[PDB]
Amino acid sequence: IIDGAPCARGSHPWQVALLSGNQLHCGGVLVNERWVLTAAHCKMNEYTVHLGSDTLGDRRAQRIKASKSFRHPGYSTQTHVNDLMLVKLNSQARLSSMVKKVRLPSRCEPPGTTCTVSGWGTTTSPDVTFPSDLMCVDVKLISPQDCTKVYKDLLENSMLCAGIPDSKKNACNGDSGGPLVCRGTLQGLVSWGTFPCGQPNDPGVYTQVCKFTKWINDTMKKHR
C-alpha cells in the first residue's frame, strides 16, 4: 500500500493473507468459515492463510492451510480478465471479533464513491519495504470511460478502477487479491496496475466483485 497508514486496529476482520512458507504471497478476504476470495493470479498448489490480526506474524493469529483453490473458469493469464479465485480452507476458521465474514455486495457502487484498500504489500516502489502492520489507503472509484483513457484496450467492464487525482495512493506488490471496500461491502479485489506503484494518474485496477456474486455463491455451494 502506497502513501497510506496502518489500518485502524480491528476494522478489517475479514482481511486475510496468503503465505507461502512464512512469506507473503497475496491478500484476500474471508467470505465465510470455509472460504477465501482472492485473485486468480495468486494461484498456488497449497496455501497458508493468515487470519485474525492486522499484524503479520502475530502469536494471536490463526493460520489455516488450504489445499484446494478454484479460479474463475473465464480467467485469462494473458489479459487477467476475470481475476478471481476461491480458496477452500482445510478446516473452518473460528470466527471472533477479529475474524469476520466480508459483507458481499448486492450492488455495484458508482463512480466517485470513497473506498478503502488494505494490504501488507510493499509500502514502496520500485525498492521494496514490507510491513507487518496492515496498511490502508482511501481511494475513489473512477468511472469506466475515465479509466479507459489511461488503460485503453486492457480494460474489461468487469474490472473496476480506483485512485485519487494526482495521487500516489494505491496498492502495490503483495497487496494482490486483497479487498477494496466501499460503503461496507466488498467492491474490489486488487488485480493490476502500473509499475512502479504509485505513479500519479495511473489508477489501480480491481476485479469488480459486484459482477461475480453468482459465480461466487454457486462455487461455494458446488464444493460443499
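Superpose the two forms; the largest set of C-alphas matching within 1.5 Å is the rigid core. Numbers for residues come from their place in the sequence shown, where the first is 1.
Larger average C-alpha displacement in 8 other deposited structures of this protein, relative to the shown form after a rigid core fit, is seen for 142-150 when comparing 85-93 with 142-150. Averaged over Cα atoms, the B-factor as recorded in the entry is higher for 56-64 than for the other of 56-64 and 182-190. Set 200-208 against 16-24 and average the Cα temperature factors; 16-24 ends up higher. Within the group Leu89, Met135, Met85, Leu95, the record's highest C-alpha temperature factor is found at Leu95. Highest CA B-factor among the listed residues (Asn45, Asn173, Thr38, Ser158): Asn45. In the PDB entry, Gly112 places in the middle third of its chain by CA B-factor. When the modelled residues of the chain are ordered by their C-alpha B factor, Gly74 lands in the lowest third. Placement of the Cα temperature factor of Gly121 within the chain: lowest third of the modelled residues, per the deposited record.
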